[PDB]
Amino acid sequence: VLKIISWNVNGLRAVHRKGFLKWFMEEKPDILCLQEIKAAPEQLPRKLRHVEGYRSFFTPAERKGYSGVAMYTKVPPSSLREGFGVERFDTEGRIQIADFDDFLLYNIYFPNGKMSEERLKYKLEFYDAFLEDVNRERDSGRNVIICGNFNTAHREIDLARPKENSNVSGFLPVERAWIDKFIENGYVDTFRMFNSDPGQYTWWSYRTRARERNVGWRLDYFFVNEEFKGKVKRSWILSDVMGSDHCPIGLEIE
Amino acid sequence: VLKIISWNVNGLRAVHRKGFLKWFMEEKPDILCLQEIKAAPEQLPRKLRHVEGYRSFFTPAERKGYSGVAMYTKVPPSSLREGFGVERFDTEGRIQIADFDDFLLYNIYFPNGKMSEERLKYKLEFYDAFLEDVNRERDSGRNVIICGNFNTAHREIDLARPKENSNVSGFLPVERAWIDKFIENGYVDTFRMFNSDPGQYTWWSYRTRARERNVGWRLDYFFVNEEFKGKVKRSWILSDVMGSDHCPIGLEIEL
DNA sequence: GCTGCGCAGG
DNA sequence: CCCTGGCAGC
Ligand code: NA
Ligand code: NA
């Protein structure tokens, strides 16, 4: 019976100033995966690097204040890999792959593609690189949990405004069609195992008070290889948890 | 009678959002000099590039959002130089030397030297290059007006806290001594021609609401060469004018 | 629009 | 600068 929370935090210091540690202590997950920490361990106060009861692992971007992932874990993994083995995907603080023996845990910050054609191309080629890696590990016989900010709403049910956003990154046909492809490779959007309601989102704009209106997008996911789905009991969204433009999401297994 | 205003604005777009053009048109100086505009002119609203009754000149830094000087003048100058002919000093949007025939106007944004040892070195060497340039012009017969953010308080009277800043850039012995040196070469701090009082500042920290308590430094100056000092009728601080960490300073000359 | 963080201001 | 005026997020 494990608890895992994934949160795209948008600044680990910012959330800290907002009461991250209290929230984390109230929630007591077995593993806490974070994305977009925008920080390297050296910029973090000692009480954030070292949380009583947890080993911490930070994978910052080469670029200061940019991107970065983190994992807190009551039980250390056996190993921790920080790349797909492709330099351009591996230096942006996007990838954590932790071996917990009963599964591999992918903690991924997938690229925003709305900036340019350059980055949308990078996002998609990142997607490609990820799929190879996850398939290679699954095909070798590992059960895999993937969580993080995928930066793509899968279906029209997954965002408040499906029609106006058909030409926007976050809901382009190429991106949606990569998630179809991913799922069709034997993986399961664990949230939609339990909940097929619309209005269920994980990200909202800061502008136009988008969160209060609930005009949002489901961008953050927990996926599992399908052979492992029986072991998942709960996959939910912690939508009342504030402090970032994303809310956290939760998974419970075995 | 000409009125020149000098203002280190810390963002021209920002001071624009706070009423700059209305203030500008009320003050109506013959020349307005601005430093630290933090803008290339392409980035500026149109009403900042085209001000009725003024030629405008923009000398941006290579670095985006950084430094930069501007000048608005009712009567255009015959030429405008944008450097001393030393490339590391000339790319940072710091220098405008405008030939107004009756005088040269130096609109200079002098470097902040408190970040690093490297930047303090740059500041003092920028000071050396400046003095050499103004001296050459002065020696050749030109009358010179120099306005801008010198980033140094000259004497104890030039800041609220002389004693605690004895070791801080803004008030280092090296920096104060350069101003001493500059003055010794034939140049006059014009505000001190008319006002010997303390508590006269042009810059204050945003932190601790220091402007509301007048806990400030006089970083912004109008200088002239000795030979031109009798032409200056007014040198004052526009300390009520809000919008930046600096306030504007003014000069009146009679030609 | 809005935000977090970088750099820089002095 | 505890305060303020590019890049990126989506
Ligand atoms: Na900002
Ligand atoms: Na800032």
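Proteins come first, then strands; the chains are lettered A, B, ... in the order of their sequence lines, and each starts at number 1. What's counted below: heavy atoms across the whole structure, side chains too, no hydrogens, waters or symmetry copies.
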Say you pick atom [atom1] in [N] and the same atom in [M]; how far apart are they, in whole Å?
N	M	atom1	result
D:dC7	D:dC3	P	27 Å
D:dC2	D:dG6	P	23 Å
D:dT4	D:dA8	P	26 Å

| task | Using whole Å, report how far NZ of A:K64 lies from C1' of C:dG4. | result | 16 Å
| query | Given atom CD of A:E36 and atom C1' of C:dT3, what is their separation to the nearest angstrom? | reply | 10 Å
| note | Testing C:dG10, C:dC5, C:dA8 for proximity to the side chain of A:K38, the answer is C:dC5
| query | Quick one: which of C:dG10, C:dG9, C:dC5 gets closest to the side chain of B:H246? | reply | C:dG10
| message | As a test of understanding, state which of B:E175, B:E117, B:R119 forms a side chain to side chain donor-acceptor pair (under 3.5 Å) with B:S169. | response | B:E175
| query | Heavy atoms, side chains only, cut-off 4.5 Å: are A:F110 and A:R94 in contact? | reply | no
| Which nucleotide span of DNA chain D, 5' end to 3' end, has atoms closer than 4.0 Å to non-hydrogen atoms of chain A? | D:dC7 to D:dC10
| message | So A:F150, base contact, sugar-phosphate only, or nothing? Heavy-atom distance under 4.0 Å. | response | nothing
| note | Only one of B:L219, B:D245, B:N214 passes side chain to side chain contact (heavy atoms under 4.5 Å, CB included) with B:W204, and that residue is B:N214
| query | Is there a donor-acceptor contact under 3.5 Å from the side chain of B:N165 to the main chain of B:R161? | reply | yes
